[PDB]
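Chains as they are written, first to last, in PDB author numbering: chain A, 3 to 41, 61 to 127; chain J, 1 to 175; chain H, 3 to 43, 55 to 325; chain N, 1 to 194, 196 to 439, 445 to 485; chain K, 1 to 100.
Contents: one structure, followed by commentary.
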Amino acid sequence: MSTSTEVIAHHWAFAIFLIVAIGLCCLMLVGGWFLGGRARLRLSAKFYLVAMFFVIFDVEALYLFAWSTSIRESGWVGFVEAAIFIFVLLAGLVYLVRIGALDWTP
Amino acid sequence: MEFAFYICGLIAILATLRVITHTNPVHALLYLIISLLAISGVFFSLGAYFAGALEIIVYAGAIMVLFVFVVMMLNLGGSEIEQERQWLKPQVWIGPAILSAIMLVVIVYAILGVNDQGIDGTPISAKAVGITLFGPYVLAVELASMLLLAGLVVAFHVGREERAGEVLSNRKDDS
Amino acid sequence: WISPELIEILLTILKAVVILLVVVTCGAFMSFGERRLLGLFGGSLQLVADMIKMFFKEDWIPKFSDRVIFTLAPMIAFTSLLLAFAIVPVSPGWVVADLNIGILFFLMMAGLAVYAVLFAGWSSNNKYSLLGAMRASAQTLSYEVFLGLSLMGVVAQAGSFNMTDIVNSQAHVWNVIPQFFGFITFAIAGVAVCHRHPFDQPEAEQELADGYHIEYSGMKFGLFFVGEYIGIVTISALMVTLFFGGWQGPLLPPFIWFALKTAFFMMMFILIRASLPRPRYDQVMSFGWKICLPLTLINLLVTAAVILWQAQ
Amino acid sequence: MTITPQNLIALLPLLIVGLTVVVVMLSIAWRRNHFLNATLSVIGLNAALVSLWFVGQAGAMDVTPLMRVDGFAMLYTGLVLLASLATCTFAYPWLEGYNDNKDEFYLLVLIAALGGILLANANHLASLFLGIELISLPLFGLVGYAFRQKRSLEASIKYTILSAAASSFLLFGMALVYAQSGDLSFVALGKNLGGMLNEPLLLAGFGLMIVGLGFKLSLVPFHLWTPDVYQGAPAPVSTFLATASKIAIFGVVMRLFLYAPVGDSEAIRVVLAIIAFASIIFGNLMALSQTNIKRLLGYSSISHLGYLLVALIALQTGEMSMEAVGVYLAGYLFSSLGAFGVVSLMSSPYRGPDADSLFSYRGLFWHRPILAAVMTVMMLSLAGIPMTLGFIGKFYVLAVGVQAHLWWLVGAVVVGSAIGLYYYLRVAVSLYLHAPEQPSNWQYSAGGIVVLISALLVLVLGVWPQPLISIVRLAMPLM
Amino acid sequence: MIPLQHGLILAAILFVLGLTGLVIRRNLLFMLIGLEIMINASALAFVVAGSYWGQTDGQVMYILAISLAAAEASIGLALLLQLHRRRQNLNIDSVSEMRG
């Protein structure tokens, strides 16, 4: 909205804050550059495993992100479905613990 | 706030156009990151705050992270394909782009002619999405949890090394 | 062309620049204090002298590297955790971002923060620094995976993302005592995302890996340093406004109370830096998955049960 | 809509398959036992079948906007569970000689079975999308399970890329039909329209949905994934993706085309007529010069899904098309089950990735005659030849096509079947010739008796098809 | 304020460009990138459709779309690194041993 004369002030402040932080960083780099004077292999699969754990548990976390807003608007049936969601999530988690995908062991 | 939507859409189109026709993939992933940022700005311009929040939380915060992980992991620099430059030639670039432009022309002919009340304000809060997502969509979240579990299980089964060490050479068929 | 609406919006702009300057200054003051009260185990002009030196140095661009992402990684490391502070209220009328998604924006910034390490590792044409950036990125992903759940504890107790709603739902009791598990998990996740001392130099357990901070010189490394410190002070501000009382106090002014509690968290961070030794990588991963994520999931379940039990 | 605990009894196969998924997961985490996990999986599937009978004790419900349970859903759900049971029983001897982990196979089979149950129960666009992805992703696991082998990895790559493309196409199509009509339920996809049914946006969205669904149903020209995926994947995986995936996806496609009023349009019907015509002709002509049984069965799946599509065209006129498709799907399920079971039993065990996974059907009678008899019975059944249930399904689809005057499609079915029986009984005879050159485990015997009951079922229901028709017409959905 | 046609045209343009990058590019990583572009375009179209009608079902479909995108992007990247560890090239026309 652009007509409530206080949230539009907050929007202007937010946009100016963003653009002036970016401008401050740009001008700091510009001052660093201008002033001062001049003169095969492969990593692993465990990094992929932990990043895949991050993204999969992140989507299973965004489901709880959506749930946590309506935690009191929804009833106990919402608690039951979130409980079985977290239960199967922890079942997969303890599967990853007990198999050994979640350990490093250097 | 329609000007922000137009600017975000234009720079999203330009960013994904530079994604399609770039040589090395790290700048392609960076352009796709700013394309996802522009798509999130489009989401914020249409009142879908939770959608853009999930776009930079997950789509620009977990998926591109995984792509950059793989790129910096197996040390690909686009080599042995970037010396060919086959996608900067008419015989490869003209055909499929013509086919996709025909698809675009017919689908935007399908877009036009529909009645349009127009995009209004009243942004959809994440609270309403939480009510609907754990309301009529219980089976959606449970079976999507099982979908993510299945994807985790498969990519663990396929993308595990079974070797040792944090540095491994690209040996043919892993001996 | 003076109108009251123009006066109000210009005052809001001035307040935004004031809070930006004061958070940069307080991050630099955290740097100066971390130099000061570590040696005991005015002097503030050495900070300005160091800034003058880093400004007046010859930059390096590595001849085999690419300019844009090598110079854009410090941009991410500075401004992502800088604009993470825009959501934090310091007073009833001194906030710059009153948006509906009050903490999801911090989650966006924390998700984007790993690209600084990734781009540093790729642009720095050095396989050891690349491996160290790989290890650091894996660490911050494995420790940011539960940051969202540790914050959903407070969101589930309050009912909305907005920070004003958090500090108005904390009007009777502060959130540290019902959710202490959420407090410690959020503190550990904020330390690890910010790449502070216990989760620092993950390349120390290996010698084929070096830190991603190398191959930078002058203002780029300086930007990395001050970006880490604005990240830790905005994590302190988020922690106080999400678990302690946001600008809430008996007699002192609300902004004075918020600054005092933020500095209290800063001295606590100095203390836990001085006390706890560095663990190695394997218990870092093992803890950050096995002990951290089931505990915050159980915390979310228990807080759901107790807020639905006393539902009237 | 909230879920009443009367609706809890209708979700019972879905919930039991989910519970056995998590129980199998904890059993893998605790012990890592192959036989115990396979036994737990088949026990969960059998309990899902008896709980489907308990669903049949109850009535036909509409649980959420996502899900509606009735006899249609019950029948194709039971087909999905029995196909998954067959897949597990065929896969245990194949997994007995496997070097890597051998229980994520069962976990993925259970998850894909659960997705097939969702697709059978699907009364929504979200449920359809989630079910086809819950079929696709464990299929990414099952096809690429032998990723050490070159051909399995190639098939997994091709299937993953093309199915991701189809999922995006279908998602854009449902986005277009949700932009046109402001609802995602099947029954409300054309309620706002009313001579103005042929809206360009709705038609384009349903065309993109047709692309994304005809990939999965191997309809032309989205059919080129089929023989590569059939050949590269393991034989129990080929069994599962031949029976259960196509059955569930075609069931949800028919429920979509039956509940939505867009099936009365004279453009979608003509496009599906062209697609079925070219699919039957192309698949039957393209299996002609084939010496590999798995590629030939993939093209046979293309032709049989073309037969399914011409049966689907006369849905709005004949009123018998759903019964015909139920009978034909049971016949195709059991025929492909027996054929791929013989393929899996002869290709068991895995014998490492460097070994050749060639079936070599020639001379099969001279060392294992029972499997050769079962295979030639399945080849008779798949050819539209009597004393077999495939002929009953062929008679039903011919009656459906000729009832609504689909003369071009009926001629296509006749010509395609005449072309098809060439290679069908060519294989059925070649498995009785003399091969140049060339077992006692109890679960190998279990797979043998599974394909034996399959052969007995197709023979009995070819010479006596009345019980199948009686149990199909009893499972009549809401109209 | 904003027509639905412009947003749907934007989504169609992104989907078409993603399909173009999926077809014209041999590198399997770039094919997966184009696939994510197409999934993002479909999710954007669903979000625009949901915001036009004022319903939150479009954001639910967006959540399902990004869940599928996450899971099958993990699928494709696992298969990509398996391809790199076996054949040592990410070319997709080289893996064509299975022909008609």
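Idealized CB from N, CA, C, for every residue including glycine.
From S431 (chain N) to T240 (chain N), what distance separates their C-alpha atoms? As a position in the fourth sequence, residue 431 (chain N) is number 430, starting the count at 1. As a position in the fourth sequence, residue 240 (chain N) is number 239, starting the count at 1. Looking at the two C-alpha atoms, the distance is approximately 22 Å.
According to DSSP, is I2 (chain K) helix, strand or coil? Taking the first residue of the fifth sequence as 1, we reach residue 2 (chain K) at position 2. Secondary structure at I2 (chain K): strand, using DSSP grouped into helix, strand and coil.
May I ask which residues mark the beginning and end of the alpha helix (DSSP H) holding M38 (chain K)? Mapped onto the fifth sequence, residue 38 (chain K) falls at position 38. Note, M38 (chain K): alpha helix (DSSP H), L28 to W53.
Any C-beta of chain J sitting closer than 7 Å to the C-beta of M1 (chain K)? Taking the fifth sequence and counting its residues from 1, the one referred to as residue 1 (chain K) is at position 1. Closer than 7 Å: yes.
Return the CA-CA distance between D79 (chain H) and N138 (chain H), expressed in angstroms with no decimal places. Counting from 1 along the third sequence, the entry for residue 79 (chain H) is found at position 66. Counting from 1 along the third sequence, the entry for residue 138 (chain H) is found at position 125. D79 (chain H) and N138 (chain H) have their C-alpha atoms roughly 9 Å apart.
With distances taken between CB atoms, is the gap from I283 (chain H) to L42 (chain H) smaller than 7 Å? Residue 283 (chain H) sits at position 270 when you count from the first residue of the third sequence. Residue 42 (chain H) sits at position 40 when you count from the first residue of the third sequence. No. Outside cutoff.
Could you name the residues of chain A that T2 (chain N) contacts, counting a contact when the two beta carbons are closer than 7 Å? Numbered from 1 along the fourth sequence, position 2 holds the residue referred to as residue 2 (chain N). What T2 (chain N) touches in chain A: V98.
Check the Cβ-Cβ distances between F3 (chain J) and every residue of chain A, and say whether any is below 7 Å. Reading the second sequence from its first residue, position 3 is the one you call residue 3 (chain J). No, no contact with chain A.
Should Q152 (chain H) be labelled buried (16 or more other beta-carbon atoms within 10 Å of its own) or exposed? Along the third sequence, one-based indexing puts residue 152 (chain H) at 139. Buried, by the Cβ-count rule.
Would you mind working out which of J:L32, J:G121 and J:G41 sits nearest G9 (chain J), comparing C-alpha positions? In the second sequence, counting from the first residue as 1, residue 9 (chain J) sits at position 9. Selected option, being the one with the closest Cα: J:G41.
Whether or not the stretch 272-283 of chain H and the stretch 130-150 of chain H are in contact is what I'm after, with contact meaning three or more pairs of Cβ atoms, one per stretch, closer than 8 Å; do they touch? At 8 Å Cβ cutoff, the stretches do not touch.
Residue 58 (chain A) CB to nearest chain J CB: under 7 Å? In this structure residue 58 (chain A) is absent; chain A steps straight from 41 to 61.
Between the stretch 67-85 of chain K and chain J, which residues of the former have a C-beta closer than 8 Å to a C-beta of the latter? Hits within the stretch, in order: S67, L68, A69, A70, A71, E72, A73, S74, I75, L77, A78, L79, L80, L81, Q82, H84 and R85.
Using DSSP with H/G/I as helix, E/B as strand and the rest coil, what is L46 (chain J)? Reading the second sequence from its first residue, position 46 is the one you call residue 46 (chain J). Three-state result, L46 (chain J): coil.
Within 8 Å, do at least three Cβ pairs link the stretch 462-471 of chain N to the stretch 81-100 of chain J? Contact annotation: the stretch 81-100 of chain J does not touch the stretch 462-471 of chain N, with fewer than three C-beta pairs closer than 8 Å.
Can you tell me the Cα-Cα spacing of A245 (chain N) and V108 (chain H), whole angstroms? Taking the first residue of the fourth sequence as position 1, residue 245 (chain N) is located at position 244. Taking the first residue of the third sequence as position 1, residue 108 (chain H) is located at position 95. Taking the straight line joining both Cα atoms gives about 57 Å.
Just to confirm my understanding: we take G78 (chain J), look at its own chain, exclude 5 residues before and 5 after, and list those with CB closer than 8 Å. What are they? Taking the first residue of the second sequence as 1, we reach residue 78 (chain J) at position 78. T23, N24 and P25.
Compare the C-beta of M147 (chain H) with all C-beta atoms of chain A and state if any pair is closer than 7 Å. Looking up residue 147 (chain H) in the third sequence gives position 134. Yes, contact with chain A.
Mind checking who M67 (chain N) pairs with in its DSSP beta bridge? Your numbering for residue 67 (chain N) matches position 67 in the fourth sequence. Residue pairing by DSSP puts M67 (chain N) in a beta bridge opposite N:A122.
For the stretch 62-83 of chain A, which residues have a beta carbon sitting closer than 9 Å to at least one beta carbon of chain H? Those would be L62, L64, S65, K67, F68, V71, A72, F74, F75, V76, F78, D79, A82 and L83, in chain order.
What residue range does the alpha helix (DSSP H) around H34 (chain N) cover? By one-based count along the fourth sequence, residue 34 (chain N) stands at place 34. Segment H34 to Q57, the alpha helix (DSSP H) holding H34 (chain N).
Roughly how many whole angstroms lie between the Cα atoms of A70 (chain K) and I57 (chain J)? Counted from its first residue, the fifth sequence places residue 70 (chain K) at position 70. Counted from its first residue, the second sequence places residue 57 (chain J) at position 57. One C-alpha to the other measures close to 12 Å.
List the residues of chain H whose Cβ lies closer than 8 Å to the Cβ of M30 (chain A), in chain order. Sequence index remark: in the first sequence, residue 30 (chain A) carries index 28 (1-based). What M30 (chain A) touches in chain H: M232 and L236.
Is it a yes or a no for the stretch 167-174 of chain H touching the stretch 219-235 of chain H, going by three-plus beta-carbon pairs under 8 Å? Note that the stretch 167-174 of chain H does not touch the stretch 219-235 of chain H; fewer than 3 beta-carbon pairs, one per stretch, sit closer than 8 Å.
With DSSP run on the structure shown, which of helix, strand or coil describes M61 (chain N)? Locating residue 61 (chain N) in the fourth sequence gives position 61, counting from the first residue. Here DSSP, grouped into helix, strand and coil, assigns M61 (chain N) to strand.
I'd like the span of the alpha helix (DSSP H) that includes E7 (chain H), first residue to last. The residue you call residue 7 (chain H) lines up with position 5 of the third sequence. That run of the alpha helix (DSSP H) goes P6 to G41.
Let me check you understand the geometry: is the CB of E2 (chain J) closer than 6 Å to at least one non-hydrogen atom of the ligand COA? No copy of the ligand COA appears in this structure; indeed no ligand is present at all.
Sequence-distant residues of the same chain with beta carbon closer than 6 Å to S163 (chain N), five excluded per side: For this step, residue 163 (chain N) is matched to residue 163 along the fourth sequence. Closer than 6 Å at the Cβ level, and outside the excluded window around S163 (chain N), lie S136.
So within the stretch 249-293 of chain N, which uninterrupted alpha helix (DSSP H) runs reach at least 4 residues, ignoring any that extend past its ends? Runs of the alpha helix (DSSP H) inside the stretch 249-293 of chain N: 269-287.
Let me confirm a value: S96 (chain K) is counted as buried when at least 16 other C-beta atoms fall within 10 Å, else exposed. Which label applies? For this step, residue 96 (chain K) is matched to residue 96 along the fifth sequence. By the neighbour-count criterion, in which a residue is buried when 16 or more other Cβ atoms sit within 10 angstroms of its Cβ, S96 (chain K) is exposed.
Excluding sequence positions up to five away, which residues of its chain have a Cβ less than 6 Å from the Cβ of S93 (chain H)? Start at 1 with the first residue of the third sequence, and residue 93 (chain H) comes out as number 80. Cβ within range, chain order: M122, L125 and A126.
From N:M347, N:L8 and N:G215, pick the residue whose C-alpha is nearest to that of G307 (chain N); which is it? Counting from one through the fourth sequence, the residue named residue 307 (chain N) turns up at place 306. It is N:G215 whose Cα lies nearest to the Cα of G307 (chain N).
Report the neighbours of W88 (chain A) on chain J: residues whose CB is nearer than 7 Å to its CB, in chain order. For this step, residue 88 (chain A) is matched to residue 67 along the first sequence. Identification of chain J residues near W88 (chain A) by a Cβ-Cβ cut-off of 7 Å yields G130 and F134, ordered along the chain.
Short check: CB of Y76 (chain N) to CB of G252 (chain N), under 7 Å? The count along the fourth sequence starts at 1 and reaches residue 76 (chain N) at position 76. The count along the fourth sequence starts at 1 and reaches residue 252 (chain N) at position 251. Yes, the Cβ-Cβ distance between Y76 (chain N) and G252 (chain N) is below 7 Å.
If you measure between the beta carbons of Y433 (chain N) and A325 (chain N), is that distance less than 7 Å? Taking the fourth sequence and counting its residues from 1, one reaches residue 433 (chain N) at position 432. Taking the fourth sequence and counting its residues from 1, one reaches residue 325 (chain N) at position 324. Not a contact, by the Cβ cut-off of 7 Å.
Name, going along the chain, the residues of the stretch 145-170 of chain J whose beta-carbon falls closer than 9 Å to a beta-carbon of chain H. Hits within the stretch, in order: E166 and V167.
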